[PDB]
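Next come the chains, spelled out residue by residue.
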Amino acid sequence: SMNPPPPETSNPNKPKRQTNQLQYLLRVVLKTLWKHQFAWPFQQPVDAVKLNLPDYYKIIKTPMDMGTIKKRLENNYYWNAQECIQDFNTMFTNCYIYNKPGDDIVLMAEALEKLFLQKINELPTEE
Ligand SMILES: Nc1nc(-c2cc(Br)cc3ccoc23)c2nc[nH]c2n1
């Protein structure tokens, strides 16, 4: 029933890079999903106490959300595109694992995921 600490968004000894792919992940991918009418349940970590989801963190062991991804991108937390891409996939997958097929939250994740795929399809070549 209690909330874990959020995922890490700062770590001084973690290696990191600023790259055209990671810039595309922020400027195009994150920006496009963030603005969407279904973005709101995905803009911060799930609060299991406020939402009354006491099982959430007994089921979801690698939590992820766009608030976390946004801070990672803004704070140049990543080494490569694939790390960031994995965070999005974890976010969508957790939603489908926890929630009941057909629930509104699943339909919202599905709309964001469709856009995500369309945008990562055009991930630019590394420079
Ligand atoms: N059942 C459920 N609710 C939510 C969810 C619902 C509501 Br109202 C507001 C917020 C803000 C973070 O989370 C929210 C989820 N966000 C991601 N997966 C979620 N699964």
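Residues numbered from 1 in each chain as written, not as in the entry; some residues may be left out. Heavy atoms only, no water. Residues with missing side-chain atoms left out of burial classes, pairs and counts.

In the PDB archive, X-ray crystallography is given as the structure determination method for this entry, at a resolution of 2.0500 Å.

## A closer look at the pattern of salt bridges
In total, this model carries 4 salt bridges according to the counting rule given. Measuring nitrogen to oxygen at the nearest pair gives 3.2 Å for the salt bridge that ties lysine 70 to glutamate 74. Of this pair, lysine 70 and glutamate 74 both sit in helix α3 (residues 66-74), 4 residues apart, roughly one helical turn. According to the relative accessible area criterion, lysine 70 is partly exposed, its value standing at 26%. On the basis of relative accessibility, which here comes to 45%, the residue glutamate 74 falls in the partly exposed class. (Salt bridge = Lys/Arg side-chain N within 4 Å of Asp/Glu carboxyl O. Helix = DSSP H or I, 4+ residues; strand = E, 2+ residues; numbered from the N terminus. Buried < 20%, exposed > 50% of the residue type's maximum accessible area, 1.4 Å probe, protein only.)

## Focus on the packing of α3 against helix α4 (residues 81-98)
Their axes nearest at 10 Å, the elements α3 and α4 cross at an angle of 170°. In terms of orientation, α3 lies roughly antiparallel with respect to α4. For the pair α3 and α4, the contacting residues are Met66, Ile69, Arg72 and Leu73 in the first and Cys84, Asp87, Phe88 and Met91 in the second. Of the residues contributing to the contact of α3 with α4, the split by class is 6 nonpolar, no polar and 2 charged. (Axes fitted to C-alpha atoms, helices over the stretch in contact; angles between N-to-C directions. Parallel < 35°, antiparallel > 145°, perpendicular 65-115°, else oblique. Contact = heavy atoms within 4.5 Å. Nonpolar A, V, L, I, M, F, W, Y, C, P; charged D, E, K, R; others polar.)

## A look at α4
Since the α-helix turns once every 3.6 residues, residues separated by three or four places project in the same direction. Between the first and last C-alpha of α4 there are 26 Å, a value that for 18 residues agrees with the 26 Å anticipated at 1.5 Å per step. Regarding α4, the residues found buried are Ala81, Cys84, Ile85, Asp87, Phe88, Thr90, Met91, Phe92, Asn94, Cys95 and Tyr98. For α4, the secondary structure elements touched by its buried residues are α1 (20-34), α2 (56-59), α3 and α5 (104-121). Sitting at the head of α4, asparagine 80 places a side-chain oxygen 3.2 Å from the backbone nitrogen of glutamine 82. (Expected span 1.5 Å × (residues − 1). Polar contact = N/O pair within 3.5 Å; in protein donor to acceptor, adjacent residues only side chain to side chain.)

## Notes on unusual backbone geometry
Positive phi values are uncommon outside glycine, yet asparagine 52 reaches one of about 50°. Residue position: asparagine 52 is located in the loop between α1 and α2. A residue is classified by how much of its surface remains accessible, and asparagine 52, at 61% relative accessible area, is exposed. Phi is positive for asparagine 76, close to 45°, though the residue is something other than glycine. With relative accessibility at 30%, the residue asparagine 76 sits in the partly exposed group.

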